[PDB]
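*Asks:* Please find protein26.tsv (TSV, C-alpha atoms and all ligand atoms) on the next line:
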chain	number	residue	atom	x	y	z
A	46	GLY	CA	-104.32	87.23	-54.60
A	47	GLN	CA	-105.94	87.63	-58.02
A	48	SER	CA	-102.97	86.12	-59.86
A	49	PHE	CA	-101.62	82.74	-58.69
A	50	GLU	CA	-98.25	84.30	-57.87
A	51	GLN	CA	-100.04	86.96	-55.83
A	52	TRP	CA	-102.02	84.29	-54.01
A	53	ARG	CA	-98.83	82.26	-53.48
A	54	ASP	CA	-96.70	85.10	-52.11
A	55	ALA	CA	-99.53	85.98	-49.73
A	56	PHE	CA	-99.92	82.34	-48.69
A	57	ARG	CA	-96.15	82.11	-48.18
A	58	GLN	CA	-96.60	84.62	-45.36
A	59	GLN	CA	-99.19	82.36	-43.72
A	60	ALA	CA	-96.97	79.29	-44.13
A	61	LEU	CA	-93.99	81.07	-42.55
A	62	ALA	CA	-96.26	82.22	-39.72
A	63	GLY	CA	-97.36	78.60	-39.40
A	64	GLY	CA	-93.86	77.24	-38.86
A	65	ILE	CA	-92.88	76.34	-42.42
A	66	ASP	CA	-89.36	77.44	-43.36
A	67	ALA	CA	-88.30	79.18	-46.56
A	68	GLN	CA	-86.31	76.35	-48.15
A	69	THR	CA	-89.23	73.95	-47.68
A	70	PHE	CA	-91.80	76.32	-49.14
A	71	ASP	CA	-89.73	77.33	-52.17
A	72	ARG	CA	-88.70	73.71	-52.81
A	73	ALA	CA	-92.35	72.67	-52.61
A	74	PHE	CA	-93.59	75.40	-54.96
A	75	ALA	CA	-90.79	75.25	-57.54
A	76	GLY	CA	-92.48	75.38	-60.95
A	77	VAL	CA	-95.95	74.99	-59.46
A	78	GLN	CA	-98.87	76.56	-61.35
A	79	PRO	CA	-102.62	75.94	-61.12
A	80	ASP	CA	-103.84	72.59	-62.45
A	81	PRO	CA	-107.03	72.94	-64.55
A	82	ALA	CA	-107.66	69.20	-64.14
A	83	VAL	CA	-107.94	69.74	-60.40
A	84	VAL	CA	-110.33	72.67	-60.90
A	85	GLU	CA	-112.47	70.54	-63.21
A	86	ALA	CA	-112.62	67.61	-60.75
A	87	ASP	CA	-113.61	70.07	-58.01
A	88	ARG	CA	-116.38	71.50	-60.21
A	89	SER	CA	-117.55	68.12	-61.48
A	90	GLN	CA	-121.18	67.40	-60.62
A	91	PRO	CA	-121.83	64.04	-62.37
A	92	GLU	CA	-125.31	63.86	-63.90
A	93	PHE	CA	-125.44	60.05	-63.89
A	94	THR	CA	-124.18	57.46	-61.41
A	95	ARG	CA	-123.93	53.67	-61.60
A	96	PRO	CA	-126.27	51.40	-59.60
A	97	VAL	CA	-124.76	49.88	-56.46
A	98	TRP	CA	-124.60	46.39	-57.94
A	99	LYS	CA	-122.35	47.68	-60.75
A	100	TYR	CA	-120.16	49.56	-58.30
A	101	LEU	CA	-119.78	46.38	-56.27
A	102	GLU	CA	-119.17	44.30	-59.39
A	103	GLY	CA	-116.21	46.57	-60.14
A	104	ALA	CA	-114.94	46.68	-56.55
A	105	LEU	CA	-115.12	42.89	-56.19
A	106	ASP	CA	-113.59	42.13	-59.59
A	107	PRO	CA	-111.86	38.74	-59.35
A	108	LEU	CA	-108.67	40.48	-60.44
A	109	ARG	CA	-108.77	42.71	-57.33
A	110	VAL	CA	-109.62	39.75	-55.10
A	111	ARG	CA	-106.72	37.70	-56.37
A	112	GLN	CA	-104.30	40.66	-56.15
A	113	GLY	CA	-105.32	41.12	-52.51
A	114	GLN	CA	-104.77	37.43	-51.81
A	115	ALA	CA	-101.32	37.80	-53.36
A	116	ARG	CA	-100.57	40.81	-51.13
A	117	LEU	CA	-101.74	38.96	-48.04
A	118	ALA	CA	-99.15	36.27	-48.81
A	119	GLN	CA	-96.37	38.62	-49.89
A	120	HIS	CA	-96.63	40.82	-46.82
A	121	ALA	CA	-97.67	38.10	-44.38
A	122	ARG	CA	-94.94	38.89	-41.84
A	123	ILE	CA	-95.64	42.63	-41.71
A	124	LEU	CA	-99.41	42.08	-41.67
A	125	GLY	CA	-99.04	39.64	-38.79
A	126	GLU	CA	-97.07	42.19	-36.80
A	127	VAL	CA	-99.62	44.88	-37.70
A	128	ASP	CA	-102.66	42.62	-37.07
A	129	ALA	CA	-101.15	41.86	-33.67
A	130	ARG	CA	-99.89	45.33	-32.68
A	131	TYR	CA	-103.06	47.26	-33.57
A	132	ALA	CA	-105.63	44.50	-33.09
A	133	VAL	CA	-106.95	44.99	-36.62
A	134	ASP	CA	-107.69	42.13	-39.01
A	135	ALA	CA	-105.22	41.82	-41.87
A	136	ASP	CA	-107.99	41.11	-44.37
A	137	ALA	CA	-109.68	44.41	-43.57
A	138	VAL	CA	-106.39	46.37	-43.81
A	139	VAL	CA	-105.68	44.79	-47.18
A	140	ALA	CA	-109.25	45.37	-48.39
A	141	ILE	CA	-109.00	49.08	-47.58
A	142	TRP	CA	-105.64	49.19	-49.36
A	143	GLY	CA	-107.27	47.59	-52.41
A	144	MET	CA	-110.22	49.99	-52.40
A	145	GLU	CA	-108.12	53.11	-51.78
A	146	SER	CA	-105.24	52.69	-54.25
A	147	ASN	CA	-105.41	49.19	-55.74
A	148	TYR	CA	-102.72	48.07	-53.28
A	149	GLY	CA	-100.54	51.03	-54.20
A	150	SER	CA	-100.79	50.89	-58.00
A	151	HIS	CA	-103.24	53.81	-58.33
A	152	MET	CA	-102.30	56.62	-55.97
A	153	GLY	CA	-102.91	59.37	-58.46
A	154	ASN	CA	-100.25	61.08	-60.49
A	155	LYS	CA	-100.75	64.56	-59.18
A	156	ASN	CA	-98.39	66.51	-56.98
A	157	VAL	CA	-100.18	67.13	-53.68
A	158	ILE	CA	-98.77	70.64	-53.28
A	159	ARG	CA	-99.88	71.62	-56.77
A	160	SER	CA	-103.35	70.15	-56.35
A	161	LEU	CA	-104.04	71.70	-52.94
A	162	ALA	CA	-102.60	75.09	-54.00
A	163	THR	CA	-104.89	75.00	-57.01
A	164	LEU	CA	-107.94	74.39	-54.80
A	165	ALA	CA	-106.79	77.03	-52.30
A	166	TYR	CA	-106.37	79.56	-55.10
A	167	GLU	CA	-109.57	78.93	-57.07
A	168	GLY	CA	-111.36	75.91	-55.58
A	169	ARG	CA	-114.89	75.72	-54.20
A	170	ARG	CA	-113.62	74.68	-50.77
A	171	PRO	CA	-110.66	77.01	-49.97
A	172	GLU	CA	-110.86	76.51	-46.17
A	173	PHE	CA	-110.23	72.79	-46.58
A	174	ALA	CA	-107.52	73.35	-49.19
A	175	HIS	CA	-105.58	75.91	-47.14
A	176	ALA	CA	-105.67	73.71	-44.05
A	177	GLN	CA	-104.50	70.60	-45.89
A	178	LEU	CA	-101.85	72.56	-47.77
A	179	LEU	CA	-100.27	73.83	-44.55
A	180	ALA	CA	-100.40	70.28	-43.20
A	181	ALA	CA	-98.71	68.93	-46.34
A	182	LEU	CA	-95.87	71.46	-46.04
A	183	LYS	CA	-95.25	70.24	-42.49
A	184	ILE	CA	-94.93	66.70	-43.83
A	185	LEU	CA	-92.30	67.92	-46.29
A	186	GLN	CA	-90.57	69.89	-43.54
A	187	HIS	CA	-90.39	66.77	-41.38
A	188	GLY	CA	-89.03	64.77	-44.31
A	189	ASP	CA	-91.54	61.89	-44.63
A	190	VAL	CA	-91.21	62.18	-48.43
A	191	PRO	CA	-89.41	64.43	-50.94
A	192	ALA	CA	-91.58	67.08	-52.57
A	193	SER	CA	-91.07	65.49	-55.99
A	194	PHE	CA	-92.68	62.24	-54.78
A	195	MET	CA	-95.57	63.66	-52.71
A	196	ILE	CA	-98.18	62.19	-54.99
A	197	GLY	CA	-101.93	61.78	-54.58
A	198	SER	CA	-105.39	62.51	-55.96
A	199	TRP	CA	-106.85	65.83	-57.18
A	200	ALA	CA	-108.32	66.47	-53.73
A	201	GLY	CA	-105.12	65.92	-51.79
A	202	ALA	CA	-105.60	62.27	-50.78
A	203	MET	CA	-102.05	60.96	-50.60
A	204	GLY	CA	-100.11	57.85	-51.39
A	205	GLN	CA	-101.06	54.24	-50.80
A	206	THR	CA	-103.45	55.01	-47.97
A	207	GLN	CA	-105.08	58.05	-49.65
A	208	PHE	CA	-104.83	59.96	-46.37
A	209	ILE	CA	-105.37	63.72	-46.61
A	210	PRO	CA	-102.48	65.62	-44.96
A	211	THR	CA	-104.17	66.28	-41.60
A	212	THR	CA	-105.10	62.58	-41.37
A	213	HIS	CA	-101.52	61.63	-42.18
A	214	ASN	CA	-100.25	63.96	-39.46
A	215	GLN	CA	-102.49	62.39	-36.81
A	216	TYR	CA	-102.59	58.74	-37.84
A	217	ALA	CA	-99.68	57.84	-40.11
A	218	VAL	CA	-97.17	55.43	-38.60
A	219	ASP	CA	-93.44	54.78	-39.01
A	220	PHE	CA	-93.51	50.98	-39.04
A	221	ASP	CA	-89.84	50.27	-39.68
A	222	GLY	CA	-88.37	53.05	-37.52
A	223	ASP	CA	-86.31	54.95	-40.08
A	224	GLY	CA	-87.99	58.17	-38.90
A	225	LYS	CA	-90.17	58.53	-41.98
A	226	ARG	CA	-93.91	57.94	-42.15
A	227	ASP	CA	-93.69	57.00	-45.82
A	228	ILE	CA	-97.17	56.08	-47.02
A	229	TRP	CA	-95.92	56.45	-50.61
A	230	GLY	CA	-93.06	53.99	-50.88
A	231	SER	CA	-93.20	51.79	-47.79
A	232	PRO	CA	-95.77	49.00	-47.61
A	233	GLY	CA	-94.98	48.59	-43.88
A	234	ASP	CA	-95.69	52.24	-43.08
A	235	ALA	CA	-98.77	52.20	-45.30
A	236	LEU	CA	-100.25	49.03	-43.80
A	237	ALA	CA	-99.52	50.08	-40.22
A	238	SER	CA	-100.98	53.52	-40.92
A	239	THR	CA	-104.17	52.00	-42.30
A	240	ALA	CA	-104.49	49.75	-39.26
A	241	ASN	CA	-103.83	52.61	-36.86
A	242	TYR	CA	-106.64	54.65	-38.47
A	243	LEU	CA	-109.07	51.70	-38.41
A	244	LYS	CA	-108.28	51.06	-34.76
A	245	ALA	CA	-108.76	54.76	-33.89
A	246	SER	CA	-112.08	54.50	-35.76
A	247	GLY	CA	-113.23	51.71	-33.42
A	248	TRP	CA	-112.23	48.41	-35.04
A	249	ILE	CA	-112.83	45.34	-32.93
A	250	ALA	CA	-110.54	42.52	-34.05
A	251	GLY	CA	-112.32	39.42	-35.27
A	252	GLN	CA	-115.81	40.94	-35.20
A	253	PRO	CA	-117.68	40.83	-38.51
A	254	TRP	CA	-118.36	44.13	-40.29
A	255	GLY	CA	-121.80	42.73	-40.98
A	256	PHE	CA	-123.51	40.06	-42.99
A	257	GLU	CA	-126.35	39.41	-45.39
A	258	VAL	CA	-129.77	38.61	-43.94
A	259	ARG	CA	-133.24	37.62	-45.07
A	260	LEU	CA	-136.16	39.92	-44.22
A	261	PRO	CA	-139.67	38.65	-43.38
A	262	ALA	CA	-142.87	39.56	-45.21
A	263	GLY	CA	-144.40	42.96	-44.48
A	264	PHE	CA	-141.21	44.09	-42.77
A	265	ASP	CA	-140.95	47.61	-41.39
A	266	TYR	CA	-138.50	48.96	-43.95
A	267	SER	CA	-138.43	52.29	-42.11
A	268	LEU	CA	-135.92	50.62	-39.76
A	269	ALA	CA	-133.24	50.76	-42.48
A	270	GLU	CA	-131.19	53.69	-41.18
A	271	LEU	CA	-127.63	53.74	-39.85
A	272	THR	CA	-128.83	55.90	-36.95
A	273	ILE	CA	-131.18	53.09	-35.92
A	274	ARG	CA	-129.24	50.44	-34.03
A	275	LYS	CA	-130.57	47.32	-32.32
A	276	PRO	CA	-128.95	44.29	-30.72
A	277	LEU	CA	-128.80	41.31	-33.09
A	278	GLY	CA	-131.06	39.50	-30.64
A	279	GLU	CA	-133.72	42.14	-31.13
A	280	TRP	CA	-133.45	41.93	-34.93
A	281	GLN	CA	-133.85	38.14	-34.78
A	282	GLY	CA	-136.91	38.29	-32.56
A	283	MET	CA	-138.27	40.71	-35.13
A	284	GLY	CA	-138.29	38.29	-38.06
A	285	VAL	CA	-134.79	38.80	-39.46
A	286	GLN	CA	-132.89	35.62	-40.32
A	287	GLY	CA	-129.62	34.30	-41.68
A	288	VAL	CA	-129.44	34.62	-45.45
A	289	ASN	CA	-130.34	30.96	-45.97
A	290	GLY	CA	-133.00	31.04	-43.27
A	291	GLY	CA	-132.64	30.30	-39.58
A	292	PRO	CA	-131.04	32.17	-36.64
A	293	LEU	CA	-128.33	34.85	-36.68
A	294	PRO	CA	-124.71	34.38	-35.43
A	295	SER	CA	-124.94	33.46	-31.72
A	296	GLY	CA	-122.60	35.03	-29.17
A	297	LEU	CA	-122.99	38.28	-31.10
A	298	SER	CA	-126.59	38.60	-29.86
A	299	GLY	CA	-125.74	41.65	-27.75
A	300	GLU	CA	-124.01	43.52	-30.58
A	301	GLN	CA	-125.63	46.66	-31.95
A	302	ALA	CA	-126.47	46.55	-35.64
A	303	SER	CA	-128.24	48.59	-38.33
A	304	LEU	CA	-130.18	47.38	-41.38
A	305	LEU	CA	-128.72	48.29	-44.78
A	306	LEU	CA	-130.76	48.00	-48.01
A	307	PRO	CA	-128.46	49.22	-50.80
A	308	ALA	CA	-131.14	48.79	-53.51
A	309	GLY	CA	-134.39	49.05	-51.54
A	310	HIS	CA	-136.86	46.38	-50.43
A	311	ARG	CA	-136.50	44.24	-53.56
A	312	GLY	CA	-132.73	43.92	-53.16
A	313	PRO	CA	-130.40	42.23	-50.69
A	314	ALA	CA	-130.38	43.20	-47.00
A	315	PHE	CA	-127.46	43.38	-44.57
A	316	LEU	CA	-127.09	43.85	-40.84
A	317	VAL	CA	-124.05	46.04	-40.29
A	318	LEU	CA	-122.12	46.19	-37.05
A	319	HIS	CA	-119.66	48.47	-35.33
A	320	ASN	CA	-116.78	47.61	-37.66
A	321	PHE	CA	-118.90	48.82	-40.60
A	322	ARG	CA	-119.11	52.17	-38.81
A	323	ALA	CA	-115.31	52.15	-38.50
A	324	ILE	CA	-114.93	51.71	-42.24
A	325	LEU	CA	-117.31	54.63	-42.81
A	326	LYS	CA	-114.84	56.89	-41.04
A	327	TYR	CA	-112.39	56.06	-43.85
A	328	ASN	CA	-114.94	56.94	-46.54
A	329	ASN	CA	-118.46	57.92	-45.56
A	330	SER	CA	-120.26	56.02	-48.29
A	331	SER	CA	-122.30	52.95	-47.39
A	332	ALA	CA	-121.55	51.51	-50.85
A	333	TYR	CA	-117.81	51.91	-50.19
A	334	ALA	CA	-118.03	50.33	-46.76
A	335	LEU	CA	-120.08	47.42	-48.13
A	336	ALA	CA	-117.43	46.93	-50.84
A	337	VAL	CA	-114.64	46.91	-48.27
A	338	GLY	CA	-116.41	44.32	-46.11
A	339	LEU	CA	-117.26	42.05	-49.04
A	340	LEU	CA	-113.74	42.37	-50.47
A	341	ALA	CA	-112.23	41.39	-47.12
A	342	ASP	CA	-114.63	38.43	-47.02
A	343	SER	CA	-113.74	37.50	-50.60
A	344	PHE	CA	-110.10	36.90	-49.71
A	345	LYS	CA	-111.24	33.88	-47.69
A	346	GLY	CA	-113.84	32.72	-50.19
A	347	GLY	CA	-116.82	34.73	-49.05
A	348	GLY	CA	-118.18	38.04	-50.24
A	349	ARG	CA	-120.92	37.16	-52.57
A	350	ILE	CA	-124.54	37.99	-52.24
A	351	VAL	CA	-127.47	35.55	-52.06
A	352	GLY	CA	-130.33	37.97	-52.63
A	353	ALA	CA	-130.78	39.06	-56.23
A	354	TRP	CA	-130.33	42.67	-57.33
A	355	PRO	CA	-133.38	44.38	-58.86
A	356	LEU	CA	-133.19	44.35	-62.67
A	357	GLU	CA	-134.85	47.77	-62.85
A	358	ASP	CA	-132.20	49.50	-60.78
A	359	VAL	CA	-131.57	52.57	-62.90
A	360	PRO	CA	-130.52	55.20	-60.35
A	361	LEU	CA	-131.95	58.71	-60.46
A	362	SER	CA	-129.80	61.23	-62.33
A	363	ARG	CA	-128.58	64.34	-60.50
A	364	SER	CA	-131.29	66.55	-62.01
A	365	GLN	CA	-133.78	63.78	-61.17
A	366	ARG	CA	-132.76	63.80	-57.51
A	367	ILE	CA	-133.41	67.54	-57.40
A	368	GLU	CA	-136.70	67.08	-59.19
A	369	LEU	CA	-137.64	64.37	-56.68
A	370	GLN	CA	-137.02	66.69	-53.75
A	371	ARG	CA	-139.07	69.46	-55.36
A	372	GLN	CA	-141.94	67.07	-56.14
A	373	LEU	CA	-141.95	65.70	-52.59
A	374	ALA	CA	-142.12	69.19	-51.11
A	375	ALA	CA	-144.92	70.02	-53.54
A	376	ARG	CA	-147.05	67.19	-52.16
A	377	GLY	CA	-146.34	68.22	-48.58
A	378	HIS	CA	-143.59	65.72	-47.80
A	379	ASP	CA	-140.80	68.11	-46.89
A	380	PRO	CA	-137.36	66.67	-47.75
A	381	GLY	CA	-135.48	69.59	-46.20
A	382	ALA	CA	-133.24	71.56	-48.55
A	383	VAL	CA	-133.31	70.97	-52.31
A	384	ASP	CA	-129.66	70.03	-52.83
A	385	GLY	CA	-129.92	66.83	-54.85
A	386	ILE	CA	-128.52	64.86	-51.92
A	387	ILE	CA	-130.62	61.94	-50.71
A	388	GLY	CA	-129.89	62.16	-47.00
A	389	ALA	CA	-131.83	61.34	-43.85
A	390	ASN	CA	-134.33	64.17	-44.34
A	391	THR	CA	-135.08	63.21	-47.92
A	392	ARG	CA	-135.42	59.53	-47.00
A	393	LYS	CA	-137.96	60.56	-44.38
A	394	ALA	CA	-139.96	62.41	-47.02
A	395	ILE	CA	-139.61	59.53	-49.44
A	396	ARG	CA	-140.95	57.06	-46.86
A	397	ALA	CA	-143.99	59.26	-46.16
A	398	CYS	CA	-144.69	59.48	-49.88
A	399	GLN	CA	-144.26	55.73	-50.39
A	400	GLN	CA	-146.75	55.10	-47.57
A	401	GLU	CA	-149.18	57.54	-49.20
A	402	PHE	CA	-149.00	55.43	-52.36
A	403	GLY	CA	-149.22	52.22	-50.31
A	404	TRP	CA	-145.70	51.18	-51.28
A	405	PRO	CA	-143.11	49.60	-48.99
A	406	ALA	CA	-141.46	52.49	-47.14
A	407	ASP	CA	-137.79	51.70	-47.76
A	408	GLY	CA	-136.76	55.31	-48.41
A	409	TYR	CA	-135.11	54.23	-51.65
A	410	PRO	CA	-136.23	56.46	-54.54
A	411	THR	CA	-136.59	55.12	-58.09
A	412	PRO	CA	-137.59	56.50	-61.51
A	413	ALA	CA	-141.02	54.92	-60.91
A	414	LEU	CA	-141.49	57.04	-57.78
A	415	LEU	CA	-140.60	60.14	-59.75
A	416	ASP	CA	-143.02	59.03	-62.52
A	417	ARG	CA	-145.85	58.53	-60.02
A	418	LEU	CA	-145.17	61.94	-58.48
A	419	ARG	CA	-145.56	63.74	-61.82
A	420	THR	CA	-148.84	62.15	-62.96
A	501	CA	CA	-90.77	54.39	-42.17
Is it possible to give me this structure as C-alpha cells?
Ligand SMILES: [Ca+2]

*Replies:*
Amino acid sequence: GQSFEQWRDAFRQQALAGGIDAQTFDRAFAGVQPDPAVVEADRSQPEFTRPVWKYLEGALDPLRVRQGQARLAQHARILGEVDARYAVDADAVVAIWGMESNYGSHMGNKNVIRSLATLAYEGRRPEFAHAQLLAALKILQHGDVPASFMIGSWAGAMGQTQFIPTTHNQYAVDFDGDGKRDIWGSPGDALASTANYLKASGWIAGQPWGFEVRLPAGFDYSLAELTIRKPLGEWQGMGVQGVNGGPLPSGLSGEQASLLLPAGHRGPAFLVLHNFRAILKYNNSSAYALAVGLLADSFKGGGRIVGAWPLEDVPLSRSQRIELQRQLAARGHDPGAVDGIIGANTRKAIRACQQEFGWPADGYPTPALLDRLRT
C-alpha cells in the first residue's frame, strides 16, 4: 500500500494466510508506525571506514575482555552444560555473545515488529523484511517473548544473540525447558542458542579458529584467499612458520587452512581453520571473525598480535573504492562490476595491477595504489 496503514492491512492478509492469528497480529502492530531511524540505517552508505587495527582495538578493549571473563565465571555451570551438550567451546560462545550484544547489554532498543514493518513498507530490501516479519510474528504467536519486549537492531537482529527471526526459528534453543526460546531475557537460552548455531555451522570443539604466523621473503601473497585452502603441513613446507619462528602446531598438520592478511603484506598474517569458517556463518566479515577468535583467546591470556600493523593504513573511502574499480578496468584489469565492494573479482584485478607495478600481489588496495593509477 502507498500509506503505511494500507500496506499494513494488505500485509495482514498475508500474515493470516501464513498462519498468524488476529489477536497476535493486532497485538504486535498496536501503535506501530514507520521508524525513520530504521529507514536511515537502511539507506546509510558510510563514506569512511576505520582500519582493521582500530576495529580490533575496539573489539578487544580490556573492558570487554574482563567482562567476558566475568561472564565465564558467573555462568560457569550453564556454559559447562552447553559446552558439553553441543560440543562447542565456552570461550567461543562467550566471545560471540560479547561481539553481538556486549553480553546482553546492547541488544538495540528497537521493536523488531516496528523495524521490520518499516523495511517491508519502504526499505531497500522488502523481500528480506517481509520474510523476517512473518517469522517474527510466528515467534510472538508461539509465545517465546511478549511483543512489548521483542527488541533488537534496526535490521531485525534480535536479543542477546542478534539472531534474525528465521535464524531464531531454526536454531534457537529452550535451555531450561519452560517452553520458551527466550534469547532476550534468559542467559541459558541465549548461550545454548549461540552454541547450537555454531555447532550447526561446523564447530569442532577444542580446535583453534586459527593463529598468527610469520611469512617468508618473496611469499606468494596471491594465496591469501578464503577459497584457497591447504593442509597446515603444506603451508609449513611452503615457508610459513609459527609467529616467533619455527614449525606450526603438530597434530593439526592435516587440517585445511587459509591465509588471512587483514592489512596486506606489511601487516600480520594468520592461518585460519574450519572454526573460523563457522564464525563467518554468524557474520560474514573476516574482521568480525578475527575479532571473535582473538577475543576468545584473550579470555585465557592470549589474543594479541606479534606482527606490527602498518602505520599508513588509511582505508579507501567508499567513493575511492568505486574510483579504484573504474581505474582498474580502465587499465585492462577487469574487477567485475563497479559496486564499491572489494570482493574476489576486485582482488583479482588488484593483484594483476600490483604485479604490473612490480608490487607484492596481496590484493589489498591502498591510497597509494589509487595514486599510482591516476598518474
Ligand atoms: Ca527457556

*Asks:* Name the residues, by chain letter and number, that sit within 8 Å of ligand CA 501 (chain A) using all atoms listed in the file, and give them as a PDB file with C-alpha atoms, keeping the file's coordinate frame.

*Replies:*
ATOM      1  CA  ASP A 189     -91.540  61.890 -44.630  1.00  0.00           C
ATOM      2  CA  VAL A 218     -97.170  55.430 -38.600  1.00  0.00           C
ATOM      3  CA  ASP A 219     -93.440  54.780 -39.010  1.00  0.00           C
ATOM      4  CA  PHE A 220     -93.510  50.980 -39.040  1.00  0.00           C
ATOM      5  CA  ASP A 221     -89.840  50.270 -39.680  1.00  0.00           C
ATOM      6  CA  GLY A 222     -88.370  53.050 -37.520  1.00  0.00           C
ATOM      7  CA  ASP A 223     -86.310  54.950 -40.080  1.00  0.00           C
ATOM      8  CA  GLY A 224     -87.990  58.170 -38.900  1.00  0.00           C
ATOM      9  CA  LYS A 225     -90.170  58.530 -41.980  1.00  0.00           C
ATOM     10  CA  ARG A 226     -93.910  57.940 -42.150  1.00  0.00           C
ATOM     11  CA  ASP A 227     -93.690  57.000 -45.820  1.00  0.00           C
ATOM     12  CA  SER A 231     -93.200  51.790 -47.790  1.00  0.00           C
ATOM     13  CA  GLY A 233     -94.980  48.590 -43.880  1.00  0.00           C
ATOM     14  CA  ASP A 234     -95.690  52.240 -43.080  1.00  0.00           C
TER      15      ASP A 234
END

*Asks:* Which distance in Å separates atom CA of residue A:202 and atom CA of residue A:329, to one decimal?

*Replies:* 14.5 Å

*Asks:* Which one of A:191, A:356, A:289, A:317 sits closest to residue A:275 if you count all atoms listed in the file?

*Replies:* A:317

*Asks:* Report, in Å with one decimal, the straight-line distance from atom CA of residue A:350 to atom CA of residue A:313.

*Replies:*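 Between atom CA of residue A:350 and atom CA of residue A:313 the gap is 7.4 Å.
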
*Asks:* When distances are computed from only C-alpha atoms, which of A:112, A:89, A:241, A:301 shows the smallest separation from residue A:279?

*Replies:*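 Of A:112, A:89, A:241, A:301, the one nearest residue A:279 is A:301, counting only C-alpha atoms.
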
*Asks:* Can you patch up stretch 337-351 of chain A, filling it in to N, CA and C atoms, and show the result as a PDB file, in the coordinates of the input?

*Replies:*
ATOM      1  N   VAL A 337    -115.763  47.316 -49.112  1.00  0.00           N
ATOM      2  CA  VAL A 337    -114.640  46.910 -48.270  1.00  0.00           C
ATOM      3  C   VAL A 337    -114.923  45.615 -47.505  1.00  0.00           C
ATOM      4  N   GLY A 338    -116.087  45.519 -46.873  1.00  0.00           N
ATOM      5  CA  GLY A 338    -116.410  44.320 -46.110  1.00  0.00           C
ATOM      6  C   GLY A 338    -116.471  43.074 -46.985  1.00  0.00           C
ATOM      7  N   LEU A 339    -117.161  43.192 -48.116  1.00  0.00           N
ATOM      8  CA  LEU A 339    -117.260  42.050 -49.040  1.00  0.00           C
ATOM      9  C   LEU A 339    -115.917  41.686 -49.680  1.00  0.00           C
ATOM     10  N   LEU A 340    -115.070  42.680 -49.939  1.00  0.00           N
ATOM     11  CA  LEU A 340    -113.740  42.370 -50.470  1.00  0.00           C
ATOM     12  C   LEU A 340    -112.916  41.608 -49.427  1.00  0.00           C
ATOM     13  N   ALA A 341    -112.939  42.088 -48.183  1.00  0.00           N
ATOM     14  CA  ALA A 341    -112.230  41.390 -47.120  1.00  0.00           C
ATOM     15  C   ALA A 341    -112.739  39.958 -47.006  1.00  0.00           C
ATOM     16  N   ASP A 342    -114.064  39.794 -47.044  1.00  0.00           N
ATOM     17  CA  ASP A 342    -114.630  38.430 -47.020  1.00  0.00           C
ATOM     18  C   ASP A 342    -114.188  37.578 -48.210  1.00  0.00           C
ATOM     19  N   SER A 343    -114.101  38.210 -49.373  1.00  0.00           N
ATOM     20  CA  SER A 343    -113.740  37.500 -50.600  1.00  0.00           C
ATOM     21  C   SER A 343    -112.351  36.864 -50.538  1.00  0.00           C
ATOM     22  N   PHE A 344    -111.439  37.469 -49.783  1.00  0.00           N
ATOM     23  CA  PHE A 344    -110.100  36.900 -49.710  1.00  0.00           C
ATOM     24  C   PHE A 344    -110.113  35.475 -49.160  1.00  0.00           C
ATOM     25  N   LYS A 345    -111.111  35.187 -48.322  1.00  0.00           N
ATOM     26  CA  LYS A 345    -111.240  33.880 -47.690  1.00  0.00           C
ATOM     27  C   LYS A 345    -112.356  33.054 -48.311  1.00  0.00           C
ATOM     28  N   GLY A 346    -112.858  33.501 -49.453  1.00  0.00           N
ATOM     29  CA  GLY A 346    -113.840  32.720 -50.190  1.00  0.00           C
ATOM     30  C   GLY A 346    -115.282  33.104 -49.935  1.00  0.00           C
ATOM     31  N   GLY A 347    -115.488  34.228 -49.265  1.00  0.00           N
ATOM     32  CA  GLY A 347    -116.820  34.730 -49.050  1.00  0.00           C
ATOM     33  C   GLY A 347    -117.139  35.871 -49.994  1.00  0.00           C
ATOM     34  N   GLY A 348    -117.991  36.779 -49.549  1.00  0.00           N
ATOM     35  CA  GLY A 348    -118.180  38.040 -50.240  1.00  0.00           C
ATOM     36  C   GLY A 348    -119.181  38.065 -51.365  1.00  0.00           C
ATOM     37  N   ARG A 349    -119.953  37.017 -51.520  1.00  0.00           N
ATOM     38  CA  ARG A 349    -120.920  37.160 -52.570  1.00  0.00           C
ATOM     39  C   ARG A 349    -122.311  37.093 -51.978  1.00  0.00           C
ATOM     40  N   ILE A 350    -123.257  37.576 -52.758  1.00  0.00           N
ATOM     41  CA  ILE A 350    -124.540  37.990 -52.240  1.00  0.00           C
ATOM     42  C   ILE A 350    -125.630  37.039 -52.713  1.00  0.00           C
ATOM     43  N   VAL A 351    -126.405  36.515 -51.765  1.00  0.00           N
ATOM     44  CA  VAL A 351    -127.470  35.550 -52.060  1.00  0.00           C
ATOM     45  C   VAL A 351    -128.711  36.194 -52.679  1.00  0.00           C
TER      46      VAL A 351
END
